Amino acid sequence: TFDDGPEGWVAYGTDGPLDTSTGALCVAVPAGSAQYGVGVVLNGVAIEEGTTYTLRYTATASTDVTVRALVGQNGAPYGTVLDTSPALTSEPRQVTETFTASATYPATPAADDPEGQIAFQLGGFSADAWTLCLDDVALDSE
């Protein structure tokens, strides 16, 4: 499902850009990365307070590592409506997370009101360099 590319998704703090050549979106986390310093991110995610969503995704890491998968503000104060700590390994795991939104995020950045985003932050969790691959990422309301 990344076989046509990121199509909106971007990464930052990675060694080289993201790679979708395999069909999955993959990124190389630099060794010695900093918390909040490396991420794979989709901005422009509108969220309605009270609505229930399920975030789905399949991921792999080339070292056994726990990271952070979230839905939140793209901008100060970086509030979250989903905040998790997925443990990842070599073998694909499908994560499914259901939540009811505790806040509203606009589809576009406004004054005092950053757009929402889906974020996988990857930095700071392992001293070592490692690779994350992502596939089958979906987010919908219930």
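Numbering starts at 1 and follows the sequence shown.
Student: Mind pulling up the entry and telling me whether 39-47 or 86-94 has the higher mean Cα temperature factor?
Tutor: Stretch with the greater average CA B-factor: 86-94.
Student: Go through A127, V10, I118, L25 one by one and give the residue whose Cα B-factor in the PDB entry is largest.
Tutor: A127 has the highest C-alpha B-factor of those listed.
Student: Is the Cα B-factor recorded for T54 in the lowest, middle or highest third of its chain?
Tutor: Highest third of the chain for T54's C-alpha B-factor.
Student: According to the PDB entry, is the CA B factor of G32 in the bottom, middle or top third of its chain, that is, lowest, middle or highest?
Tutor: CA B-factor rank for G32: lowest third.
Student: What third of its chain, lowest, middle or highest, does the C-alpha temperature factor of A101 fall into?
Tutor: Tercile = middle for this residue's CA B-factor.
Student: Looking at the entry's B-factor column for C-alpha atoms only, identify whether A110 ranks in the lowest, middle or highest third of its chain.
Tutor: Highest third.
Student: Against its chain's modelled residues, does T63's Cα B factor rank lowest, middle or highest third?
Tutor: For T63, the deposited C-alpha B-factor lands in the highest third.
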